[PDB]
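Single chain ahead, written as structure tokens, the form deposited in one PDB entry.
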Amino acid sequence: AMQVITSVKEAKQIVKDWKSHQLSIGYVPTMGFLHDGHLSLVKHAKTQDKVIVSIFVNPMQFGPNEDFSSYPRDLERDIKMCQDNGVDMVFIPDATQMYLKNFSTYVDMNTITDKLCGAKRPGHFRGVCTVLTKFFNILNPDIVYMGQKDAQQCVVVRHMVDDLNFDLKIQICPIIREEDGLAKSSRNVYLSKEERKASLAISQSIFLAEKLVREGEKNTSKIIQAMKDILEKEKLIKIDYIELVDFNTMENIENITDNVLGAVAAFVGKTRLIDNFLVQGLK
């Protein structure tokens, strides 16, 4: 029967026992209120012998001005979806298990995190790096499955893993979308009917930019303007950024050569949404 584990000590024991049987471990870190995007990561993780999903709304990666208190939470919904989709262990620690009274250590970095959302969200990537170092040490996974939707986060965590010699692989999985094109996110639940309609311009701008790139358009300023024109038609949308950047460095690019990450962040009403497309190996 699937284990629902709230203790670090017990999670360690279970993983240690699985390792005693030379079983591989697939790990899907999440902040709960699960959706088909998460289920897609789980499906990939089932290539491994055992699958772990963590659920933890990590307070370190939210700032004071953001949505920690309202973040959607429904642990019964999540347990059921993990149960129905063949998850072996749902690890749901609370902040008192993860961060003891005198906790004071962190993991951070001096490149990558200063761009895109990192520039808009001070402290965010330190929160991500620190909590994932902890989870990786607790759970000892072999492959960690992450969504391309958080593209910068994937690159940041990959770089941390490289730099700190974590003996595991980060596997980036494609963006899963709603029927109407909106990238799956737990924050979608915040949107009003009218905001939901407005929010489709984000994915529209992504589909168009990707088509332009694959049709051989190299000038990023041309592409950005085209996305901007789509997004500016929606009064409910306030653009945070639209940037085409190198996928490995997050540095803005003026002319596309081998690759591009085209990334958008925008507020739809008060809700902050992100989306992107990624093209690699261009001639």
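Start at 1 and count along the sequence shown; that's the residue number.
One more form of this protein should be noted, the form deposited with a small molecule bound, which is absent from this view; the next part is about it.
Only one segment in the set 141-149, 196-204, 81-89, 105-113 has any non-hydrogen atom within 4.5 angstroms of the small molecule in the bound PDB entry, and it is 141-149. Listed residues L244, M227, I237, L41 were compared with the small molecule in the bound PDB entry; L41 is the one with a heavy atom within 4.5 Å. The single contact residue among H159, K134, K184, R126, judged by any heavy atom lying within 4.5 Å of the small molecule in the bound PDB entry, is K184. Of the heavy atoms in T220, none are within 4.5 Å of the small molecule in the bound PDB entry. Within this chain, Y71 lines the site of the small molecule in the bound PDB entry, having a heavy atom no more than 4.5 Å away. At least one heavy atom of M31 is located within 4.5 Å of the small molecule in the bound PDB entry. Although the partner is absent here, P174 sits close enough that one of its heavy atoms falls within 4.5 Å of the small molecule in the bound PDB entry.
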